[PDB]
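Below is one structure; the comments refer to it alone.
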There are 2 protein chains.
Amino acid sequence: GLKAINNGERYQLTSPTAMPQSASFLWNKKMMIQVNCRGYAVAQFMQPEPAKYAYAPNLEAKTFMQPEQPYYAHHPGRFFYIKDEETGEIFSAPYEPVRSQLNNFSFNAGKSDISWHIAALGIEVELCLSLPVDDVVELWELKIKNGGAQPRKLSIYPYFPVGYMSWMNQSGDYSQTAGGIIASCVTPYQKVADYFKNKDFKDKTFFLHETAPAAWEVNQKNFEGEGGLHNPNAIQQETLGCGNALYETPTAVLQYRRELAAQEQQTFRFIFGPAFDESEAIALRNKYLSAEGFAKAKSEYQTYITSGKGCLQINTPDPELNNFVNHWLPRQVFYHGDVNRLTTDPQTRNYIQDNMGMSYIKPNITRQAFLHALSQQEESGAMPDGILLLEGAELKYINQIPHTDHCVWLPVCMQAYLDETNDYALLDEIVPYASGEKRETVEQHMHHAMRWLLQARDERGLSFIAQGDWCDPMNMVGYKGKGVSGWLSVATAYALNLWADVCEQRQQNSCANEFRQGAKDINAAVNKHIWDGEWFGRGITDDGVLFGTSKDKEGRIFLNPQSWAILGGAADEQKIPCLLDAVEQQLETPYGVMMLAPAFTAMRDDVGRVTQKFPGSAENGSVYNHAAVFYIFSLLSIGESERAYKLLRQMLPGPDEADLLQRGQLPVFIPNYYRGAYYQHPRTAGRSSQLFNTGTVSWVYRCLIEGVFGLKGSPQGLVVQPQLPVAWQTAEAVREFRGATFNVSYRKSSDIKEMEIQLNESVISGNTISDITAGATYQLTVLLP
Amino acid sequence: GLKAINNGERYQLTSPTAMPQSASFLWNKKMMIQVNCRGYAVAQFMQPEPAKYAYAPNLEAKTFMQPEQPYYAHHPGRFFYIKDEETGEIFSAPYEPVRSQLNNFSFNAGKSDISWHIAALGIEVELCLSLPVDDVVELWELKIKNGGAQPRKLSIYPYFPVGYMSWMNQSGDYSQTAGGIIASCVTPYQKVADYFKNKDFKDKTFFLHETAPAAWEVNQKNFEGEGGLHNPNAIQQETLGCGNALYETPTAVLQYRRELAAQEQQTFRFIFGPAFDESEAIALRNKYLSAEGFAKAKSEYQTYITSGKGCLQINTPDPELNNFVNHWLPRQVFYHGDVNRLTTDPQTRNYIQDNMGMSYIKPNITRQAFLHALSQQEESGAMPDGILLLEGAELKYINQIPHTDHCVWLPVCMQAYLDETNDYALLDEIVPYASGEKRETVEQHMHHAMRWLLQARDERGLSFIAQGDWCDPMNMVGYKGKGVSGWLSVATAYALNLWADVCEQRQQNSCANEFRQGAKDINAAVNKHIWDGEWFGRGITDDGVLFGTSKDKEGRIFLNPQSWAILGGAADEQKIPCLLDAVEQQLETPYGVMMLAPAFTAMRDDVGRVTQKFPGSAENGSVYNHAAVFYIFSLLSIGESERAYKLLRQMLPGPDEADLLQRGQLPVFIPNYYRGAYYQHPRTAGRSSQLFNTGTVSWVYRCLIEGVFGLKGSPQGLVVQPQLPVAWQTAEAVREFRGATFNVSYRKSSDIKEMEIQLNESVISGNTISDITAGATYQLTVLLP
Ligand SMILES: O=C(O)[C@H]1O[C@H](O)[C@H](O)[C@@H](O[C@@H]2O[C@H](CO)[C@@H](O)[C@H](O)[C@H]2O)[C@@H]1O
Ligand SMILES: O=C(O)[C@H]1O[C@H](O)[C@H](O)[C@@H](O[C@@H]2O[C@H](CO)[C@@H](O)[C@H](O)[C@H]2O)[C@@H]1O
Ligand SMILES: [Cl-]
Ligand SMILES: [Cl-]
């Protein structure tokens, strides 16, 4: 079973086998953790670079998680073994590592916690994890209850495996002073400079107990013996042996022995995390490890999540949509912009898109993100591939590989900010550039970004792609310096047309003419060189070849040039229907729209690394949600209301049981992708990546707020412009906007020809609420034909 | 139980639990594999850089093995499940993953193969692995026999898990055309240059069957189900489901169903390995996968190992020593110099030392190694940190961190070559330098190496250490450009005194005077600045501090300055006894001599990264065998025969049962270390690193041949100069030397005052056999007081 519980606070899954990859996440200012329904977990923290405290049993690569992460028996996780001392029978919570038969199982994803309830052998177990707002530590609460009529003698064993910490130095021992287990290592390195760099690393891992235990074990191998995780030797014996780890793989195992009366419950608290030293671990203990500590942390954490609750609550005839939108969407949006995915060098397009989403949550964060991003613009006008969030940080990984699309996002996403807040005054703020002494207004920075995009085009008027655009791994189209991008051209035309609208609003008329003319020139160049007769191609290679065309067997059509040709005006009214049909026939699936099709099955080396990913995974033809929402947004821009809604609603798994099972995901986040290559590999199509990091969600939230519900800001006020699906006879929303609240009721009426809006029960003319007072609440009735 | 079998060809261990980390290795021209007694294995191959075909279940770091490697349930390995179709009962060979009760267990390390015999449920299993000489492929032979009186119905399932190959792209399927399973991936990368670099990678993994199976499974998760490795779901059912892997972790599982008659045995062959494509896998199949293929490969492999059998066979009163020396030592020596540890940039001191060992096996290899190494000497005379073995290869890892000791090895190790072969004519060969147009003789290159060592010294006359010397991680003594090494100074004096002896032999008298004077000058500087009163210190820091002294609490004495002060003359007859006693009191242990003591327990940042390794592991105070054999060699150089023998013999585990259990190693190789920090952590002291890669063995073989048995070359012939331990009343050796054979019998006689040598039963004067004819055999009797 699977359903929302606790008035929307949590979402419960009642089988540990039906959806075995499913998971939820928690985060805070410095860390994140993905928790799998069976007990596996992946946790990363910032110090100020990424690190972990719970390691794999081998020397693992530096990485957070892979899409479709495989788990394996010794994967890091969070476990408790229960032993009936009278029978010797054992089970583990949450389900791994023993995988015994349970009488009850619940995995509860929470807004602010993650928890389980399980039962076996007549013993009822509860486990609850939460995080504080500002420190890196996991707060663990365990409850054990004898559910039967007679007393029961139990051994209870937390099992928090630390893993293989380091080949240079790893150990662990019990510390009575810290009150628990401290594992210790030295992160490996060879360069003397890295010793200085690594000096503040939190290379201890603690597992601390509020309640003193009967015994402990710190040696992984001694814990298992020949019985393994399934039946650990240390649990077969009466008492743990109290061993340590001396250049041996350490573990965190404690033992409590209890006689529990009929119906008696006992509570045990623990904290788990990284520390520089025992002093830090003790500081965390004193701060958190108590009923009062846990309560205060939970109260402060709930307040944090409430602070990000956003601006829209809905009541539609679809209760799955309601639950997702009201309870799950806002926190996922908030995570992205509040912590910027826990990287010190966010990819520029991610920093800008994620903070766009914050316009609807905490727009002062958005405002500062534009200021910060533009401070790092290059003197040429170009934007760097990443934005540095800390002094001394560096560009890493894909950010070192030259991509060309970084400027396009600036006006695209600033439009959402200006429409929502009306903060045109941001345009006058003065910020420096990455080098040189020039300090200029936001508005002048933006002019320079758009002059950059116009200048970074070939003799045909098409945008250079270098080693990629929005498609990160599309790296061999332009690596020789001539290849051009279909998507970036049509997106540039969009960007320039938006920015020209802003310039006109600001009385910067010469700029408006210049950018509008640029947009025309690009769209003309796209129509002459990129349009392929029924859809727009993807690009042109260094050697002059157009790809993403009907002559291509794989990669015959890409979604992105279509969406963005709609947005930027390359696609006129005659072409638009060709686009819609080509996308439906070649890209649409039951799990959503694929980003390209058919998926590539072998390298094509004038397109590049994207073609070597597994067909249907990631950029190679998945239902890549972020591309799907750009299409949805484009459909909204032309009033294709039914198509927009249908494709948006496909992004949410359920309630269909086959769909839920096939995607394998809890409906508590939107993942970066559901597997594509739907025609080529139907068995795996729809499978969830399980990755909660995705710029999808800022666009999905924008689409719902401005598009579907149609409650959009303008310089005059609140524009009412809904695109509800026709099936809905009625709906409600509550919109917070510019400090006021709008209680909106929508109803279809056969008595009218044209939408009619009533404010506080009297009819308005036009579609804008213009008199908005901070703290006031307004009743809006929107009657629709 | 543990003992030699098959006339020395193999070594058998009869418990899978008593020595669970124990292992043996095999290699060939392009690959190596360590095989653990329970079924785990680590295999690396060259293409021409290192790679693997059997992966961990996560994204693992690029690495071969760690010292004291921990295994875990999903570690790569080599397994076969047996199911009794009548009862449903299952077991696995060799022992993992099921860990059932067995009725019989044998792990057989071989010179040329690795094998097991096991029995359970009345079914007798044999498993045998070998490698061909020149291709990368594992040859697997499985035998299954019904040992009972009635027919038995069995399912037989090879389980060769492929692991997590790649986050970009991984898959696998059954191929009827190749005749087995092909897993496929794309090695991850981001830089366009890496696509071109990676084009010839063998990114498929094959598991091919000679005999067609009843079914197969390629999906790891489908294989396990909820039963895991302990009780795989796919084995509980009647037939495997024949699933594939589509961006899922692939595996190699087949199923055979057989009714076996009483006493009936059947044989099944498989090959496992990497391939570029199916064509390559089929080429390997046609070449190897047959009785005739396996036989021919085994015959050619045995011939290879016989070709490296070396120059000494012994028959002493110690049958453990005999077995090790005769059957295990030579192949371990041969591996090092024949394949240079399967790196394209061997560390220079390793390339020279490993090829020194080849002087006693295939000295033409040694000769070419000197030529190759010197061709890469810098115009200054300095030697690079590594030697490149392939065009386009680069220096990697520690080879990028400046160390200063690389020249010292040249005359140190060339001495062994010249004494063994008499090939002074090598000195006249002309080779270039790394840059420039200068081509000079070996001898002139060597003069330039020694002029380099004399020039790379500070105002006190002591050798600069930069970021390390022989001790790789000793990187903070001289990183500021002033610190100096105690060890390198005293070793330089040794090197110069050896080279001066060569110059004198070659009539290069001015060079001999120059180097002998250099050696005196260094030894004087060592005695004035390094000698600490009872032993020699280790170095002096950039800020002028002498460490490795009695004022140091940790790192109070290091072994190396002592050994090499004996060799190079810094230690006179008055100091020598102080050295011997300090080493015995502070460094000697029951498992051998520690390289430093007490071990460091925290960073000391004017010494460096060595002090951060776990105390007792690796360079931080282990029984580091290679340092131990330098001491042994030094002891031999001063006729400390009993001490030399005792400490050499400690390097070989057994026959004492407690010793064997505590080290945990099969006595079929010498590991790089046995754990030290004997006073500080006795529980773990002696534990084997299990690492067969070690420059120890070329020195141990030299010590036995020239020192203990005393059969040493000179320009006149064979010098007889034994240092047998006093316990031995008699011993024999057979020495191959310069094309002749010497059958040597040693006997103690109270009837003599001085050793007496008889050649073919008549007494010689002096101690040199000078008339040596190629192909002849000589009887030597050596009578000793
Ligand atoms: O780790 C992964 O597989 C993915 O994790 C997160 O979802 C990322 O957002 C993915 O990278 C994103 O790819 C798109 C398409 O190439 C880019 O437009 C975006 O800026 C980048 O974050 C990552 O693949
Ligand atoms: O991987 C390891 O732990 C070890 O593997 C092999 O045994 C190597 O030979 C070890 O490195 C060696 O260290 C010594 C002492 O610092 C050096 O003198 C030698 O050149 C280097 O190979 C390695 O630690
Ligand atoms: Cl794209
Ligand atoms: Cl040393």
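By convention here, the chains of the structure tokens are called A, B, ... in the order presented, each chain's residues are numbered starting at 1, and ligands are numbered starting at 1 in the order presented.
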As an MDAnalysis selection string, please: the residues near residue 549 (chain B) (cut-off 12 Å, only C-alpha atoms, same-chain neighbours under 5 positions excluded). chainID B and resid 486 529:540 554:559 561 582 596:598
Any chance you could export the current selection's C-alpha atoms as a PDB file, in the first residue's frame?
```
ATOM      1  CA  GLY B 486      70.581  10.599   6.933  1.00  0.00           C
ATOM      2  CA  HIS B 529      75.891  15.834  11.966  1.00  0.00           C
ATOM      3  CA  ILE B 530      73.823  12.563  11.892  1.00  0.00           C
ATOM      4  CA  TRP B 531      75.353  10.232  14.406  1.00  0.00           C
ATOM      5  CA  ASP B 532      73.322  10.528  17.626  1.00  0.00           C
ATOM      6  CA  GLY B 533      75.640   8.582  20.009  1.00  0.00           C
ATOM      7  CA  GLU B 534      74.175   5.102  19.889  1.00  0.00           C
ATOM      8  CA  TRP B 535      72.746   5.018  16.282  1.00  0.00           C
ATOM      9  CA  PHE B 536      72.549   7.211  13.213  1.00  0.00           C
ATOM     10  CA  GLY B 537      69.625   9.674  12.884  1.00  0.00           C
ATOM     11  CA  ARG B 538      67.277   9.761   9.892  1.00  0.00           C
ATOM     12  CA  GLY B 539      67.554  13.199   8.622  1.00  0.00           C
ATOM     13  CA  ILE B 540      67.659  16.920   9.370  1.00  0.00           C
ATOM     14  CA  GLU B 554      58.102   8.324  18.343  1.00  0.00           C
ATOM     15  CA  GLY B 555      60.440   7.486  15.512  1.00  0.00           C
ATOM     16  CA  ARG B 556      63.273   7.190  17.985  1.00  0.00           C
ATOM     17  CA  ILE B 557      65.310   4.901  15.696  1.00  0.00           C
ATOM     18  CA  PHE B 558      64.961   4.058  12.000  1.00  0.00           C
ATOM     19  CA  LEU B 559      66.549   0.812  10.569  1.00  0.00           C
ATOM     20  CA  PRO B 561      70.436   4.605   8.413  1.00  0.00           C
ATOM     21  CA  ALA B 582      69.880  -0.590  19.532  1.00  0.00           C
ATOM     22  CA  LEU B 596      61.237   2.362  12.797  1.00  0.00           C
ATOM     23  CA  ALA B 597      59.973   2.415  16.339  1.00  0.00           C
ATOM     24  CA  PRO B 598      57.990   3.442  18.228  1.00  0.00           C
TER      25      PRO B 598
END
```
Specify as a VMD selection string all residues of chain B found within 8 Å of chain A, counting only C-alpha atoms. chain B and resid 57 to 62 66 to 67 70 to 74 99 167 to 171 186 190 to 192 226 246 to 247 249 397 to 398 401 473 475 to 476 609 612 to 614 617 684
Can I get the residues close to ligand 2 as a PyMOL selection string, where close means within 8 Å and we count only C-alpha atoms and all ligand atoms? chain B and resi 65-67+347-350+469-474+618-619+626+671-673+689+691-695
Those residues with N, CA, C and O atoms, as a JSON list (two decimals), in the first residue's frame please?
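Saved as result_12.json:
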```
[["chain", "number", "residue", "atom", "x", "y", "z"],
["B", 65, "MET", "N", 45.02, -3.15, -5.32],
["B", 65, "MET", "CA", 44.62, -3.69, -3.99],
["B", 65, "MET", "C", 45.21, -2.83, -2.92],
["B", 65, "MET", "O", 46.22, -2.19, -3.15],
["B", 66, "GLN", "N", 44.62, -2.85, -1.75],
["B", 66, "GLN", "CA", 45.18, -2.19, -0.59],
["B", 66, "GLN", "C", 45.93, -3.28, 0.27],
["B", 66, "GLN", "O", 45.56, -4.46, 0.25],
["B", 67, "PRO", "N", 46.92, -2.83, 1.07],
["B", 67, "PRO", "CA", 47.46, -3.72, 2.07],
["B", 67, "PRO", "C", 46.41, -4.17, 3.01],
["B", 67, "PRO", "O", 45.46, -3.38, 3.34],
["B", 347, "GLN", "N", 58.60, 2.99, -10.70],
["B", 347, "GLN", "CA", 59.43, 3.85, -9.88],
["B", 347, "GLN", "C", 60.91, 3.42, -10.16],
["B", 347, "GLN", "O", 61.22, 2.20, -10.29],
["B", 348, "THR", "N", 61.75, 4.36, -10.34],
["B", 348, "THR", "CA", 63.12, 4.04, -10.76],
["B", 348, "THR", "C", 63.81, 3.06, -9.83],
["B", 348, "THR", "O", 64.46, 2.12, -10.31],
["B", 349, "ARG", "N", 63.70, 3.25, -8.51],
["B", 349, "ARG", "CA", 64.36, 2.36, -7.56],
["B", 349, "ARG", "C", 63.77, 0.99, -7.63],
["B", 349, "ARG", "O", 64.44, 0.00, -7.36],
["B", 350, "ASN", "N", 62.48, 0.87, -8.01],
["B", 350, "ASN", "CA", 61.87, -0.44, -8.19],
["B", 350, "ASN", "C", 62.35, -1.06, -9.50],
["B", 350, "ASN", "O", 62.64, -2.26, -9.50],
["B", 469, "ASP", "N", 62.84, 10.20, -0.02],
["B", 469, "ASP", "CA", 63.96, 9.31, -0.45],
["B", 469, "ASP", "C", 63.40, 7.90, -0.64],
["B", 469, "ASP", "O", 62.23, 7.78, -1.04],
["B", 470, "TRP", "N", 64.15, 6.83, -0.26],
["B", 470, "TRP", "CA", 63.59, 5.46, -0.31],
["B", 470, "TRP", "C", 62.23, 5.38, 0.40],
["B", 470, "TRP", "O", 61.36, 4.63, 0.02],
["B", 471, "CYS", "N", 62.07, 6.12, 1.49],
["B", 471, "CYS", "CA", 60.79, 6.22, 2.18],
["B", 471, "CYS", "C", 59.85, 7.13, 1.46],
["B", 471, "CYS", "O", 59.88, 8.35, 1.63],
["B", 472, "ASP", "N", 58.96, 6.54, 0.65],
["B", 472, "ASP", "CA", 58.15, 7.35, -0.27],
["B", 472, "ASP", "C", 57.39, 8.49, 0.42],
["B", 472, "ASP", "O", 57.41, 9.56, -0.09],
["B", 473, "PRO", "N", 56.73, 8.19, 1.51],
["B", 473, "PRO", "CA", 55.84, 9.23, 2.17],
["B", 473, "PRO", "C", 56.58, 10.11, 3.14],
["B", 473, "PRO", "O", 55.98, 10.89, 3.88],
["B", 474, "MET", "N", 57.94, 10.07, 3.14],
["B", 474, "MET", "CA", 58.71, 10.99, 4.03],
["B", 474, "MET", "C", 58.88, 12.32, 3.36],
["B", 474, "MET", "O", 59.91, 12.63, 2.74],
["B", 618, "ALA", "N", 52.68, -0.40, 6.89],
["B", 618, "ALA", "CA", 53.48, 0.20, 5.81],
["B", 618, "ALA", "C", 54.76, 0.91, 6.35],
["B", 618, "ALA", "O", 55.36, 0.39, 7.29],
["B", 619, "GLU", "N", 55.08, 2.09, 5.89],
["B", 619, "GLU", "CA", 56.33, 2.73, 6.28],
["B", 619, "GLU", "C", 56.29, 3.19, 7.71],
["B", 619, "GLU", "O", 57.37, 3.55, 8.23],
["B", 626, "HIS", "N", 61.41, -5.11, 2.99],
["B", 626, "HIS", "CA", 62.45, -4.65, 2.17],
["B", 626, "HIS", "C", 63.53, -3.90, 3.03],
["B", 626, "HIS", "O", 64.74, -4.02, 2.74],
["B", 671, "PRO", "N", 55.36, -11.11, 1.70],
["B", 671, "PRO", "CA", 54.58, -9.87, 1.51],
["B", 671, "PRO", "C", 55.36, -8.60, 1.71],
["B", 671, "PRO", "O", 56.47, -8.65, 2.23],
["B", 672, "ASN", "N", 54.90, -7.44, 1.23],
["B", 672, "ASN", "CA", 55.70, -6.24, 1.51],
["B", 672, "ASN", "C", 55.90, -5.94, 3.00],
["B", 672, "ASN", "O", 56.89, -5.26, 3.35],
["B", 673, "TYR", "N", 54.98, -6.31, 3.84],
["B", 673, "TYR", "CA", 55.13, -6.10, 5.29],
["B", 673, "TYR", "C", 54.35, -7.06, 6.09],
["B", 673, "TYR", "O", 53.36, -7.64, 5.63],
["B", 689, "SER", "N", 50.48, -8.07, 5.10],
["B", 689, "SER", "CA", 49.82, -7.15, 4.13],
["B", 689, "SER", "C", 49.14, -7.91, 2.99],
["B", 689, "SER", "O", 48.23, -7.39, 2.32],
["B", 691, "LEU", "N", 50.47, -8.42, 0.28],
["B", 691, "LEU", "CA", 50.87, -7.82, -1.01],
["B", 691, "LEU", "C", 52.13, -8.54, -1.54],
["B", 691, "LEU", "O", 53.19, -8.40, -0.94],
["B", 692, "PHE", "N", 52.00, -9.23, -2.71],
["B", 692, "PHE", "CA", 53.12, -9.91, -3.34],
["B", 692, "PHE", "C", 54.05, -9.02, -4.11],
["B", 692, "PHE", "O", 55.17, -9.42, -4.44],
["B", 693, "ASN", "N", 53.63, -7.77, -4.38],
["B", 693, "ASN", "CA", 54.53, -6.81, -5.01],
["B", 693, "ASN", "C", 55.50, -6.22, -3.98],
["B", 693, "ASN", "O", 55.08, -5.48, -3.04],
["B", 694, "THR", "N", 56.77, -6.60, -4.06],
["B", 694, "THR", "CA", 57.74, -6.13, -3.14],
["B", 694, "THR", "C", 59.19, -6.39, -3.72],
["B", 694, "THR", "O", 59.47, -7.51, -4.16],
["B", 695, "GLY", "N", 60.00, -5.36, -3.65],
["B", 695, "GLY", "CA", 61.41, -5.43, -4.02],
["B", 695, "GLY", "C", 62.26, -6.19, -3.00],
["B", 695, "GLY", "O", 63.44, -6.41, -3.28]]
```
When DSSP is applied to the backbone of this structure, which of region 319-535 of chain A are assigned helix (DSSP H, G or I)? Write them out as a PyMOL selection string. chain A and resi 319-342+348-360+363-375+397-400+406-421+424-428+442-455+486-505+509-529
Closest of B:84, B:346, B:29, B:137 to residue 43 (chain B) - atom-to-atom distances counting only C-alpha atoms: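 Under the stated criterion, the closest residue is B:137.
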Using DSSP secondary structure from the backbone, list all strand (DSSP E) positions within region 394-509 of chain B, as a PyMOL selection string. chain B and resi 430-432+439-441+484-485
Take the selection from the previous step and output its residues with C-alpha atoms, as an mmCIF file, in the first residue's frame.
```cif
data_model
loop_
_atom_site.group_PDB
_atom_site.id
_atom_site.type_symbol
_atom_site.label_atom_id
_atom_site.label_comp_id
_atom_site.auth_asym_id
_atom_site.auth_seq_id
_atom_site.Cartn_x
_atom_site.Cartn_y
_atom_site.Cartn_z
ATOM 1 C CA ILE B 430 76.510 3.784 -25.905
ATOM 2 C CA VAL B 431 73.106 5.240 -24.882
ATOM 3 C CA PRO B 432 71.477 8.659 -25.166
ATOM 4 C CA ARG B 439 75.279 9.677 -26.568
ATOM 5 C CA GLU B 440 77.804 8.321 -24.058
ATOM 6 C CA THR B 441 78.896 5.021 -22.635
ATOM 7 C CA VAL B 484 68.627 16.478 4.230
ATOM 8 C CA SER B 485 68.489 12.731 4.475
#
```
Name the closest residue to residue 5 (chain A) among the candidates A:567, A:546, A:109, A:133; distances are taken between atoms, counting only C-alpha atoms.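 Going through A:567, A:546, A:109, A:133 one by one, the smallest distance to residue 5 (chain A) is for A:109.
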When you draw a straight line from CA of residue 341 (chain B) to CA of residue 303 (chain B), how long is it in Å?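 Rounded to one decimal, the two atoms are 20.5 Å apart.
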Residue 90 (chain A): which residues within 9 Å, counting only C-alpha atoms, same-chain residues fewer than 2 positions away excluded, as a VMD selection string? chain A and resid 81 to 84 87 to 88 92 98 100 121 231 235 to 236
Please dump the current selection as a PDB file, in the first residue's frame; keep C-alpha atoms.
```
ATOM      1  CA  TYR A  81      18.968  -5.851  15.054  1.00  0.00           C
ATOM      2  CA  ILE A  82      16.496  -7.304  17.588  1.00  0.00           C
ATOM      3  CA  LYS A  83      17.268 -10.684  19.233  1.00  0.00           C
ATOM      4  CA  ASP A  84      14.775 -12.664  21.392  1.00  0.00           C
ATOM      5  CA  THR A  87      14.609 -18.280  21.355  1.00  0.00           C
ATOM      6  CA  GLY A  88      17.740 -16.872  19.639  1.00  0.00           C
ATOM      7  CA  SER A  92      16.434  -6.251  11.659  1.00  0.00           C
ATOM      8  CA  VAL A  98      18.358  -9.789   7.589  1.00  0.00           C
ATOM      9  CA  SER A 100      13.165 -11.551   7.880  1.00  0.00           C
ATOM     10  CA  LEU A 121       8.230 -11.696  16.920  1.00  0.00           C
ATOM     11  CA  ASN A 231      23.209 -13.745  11.095  1.00  0.00           C
ATOM     12  CA  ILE A 235      24.654 -11.262  17.831  1.00  0.00           C
ATOM     13  CA  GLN A 236      24.583 -15.079  18.267  1.00  0.00           C
TER      14      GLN A 236
END
```
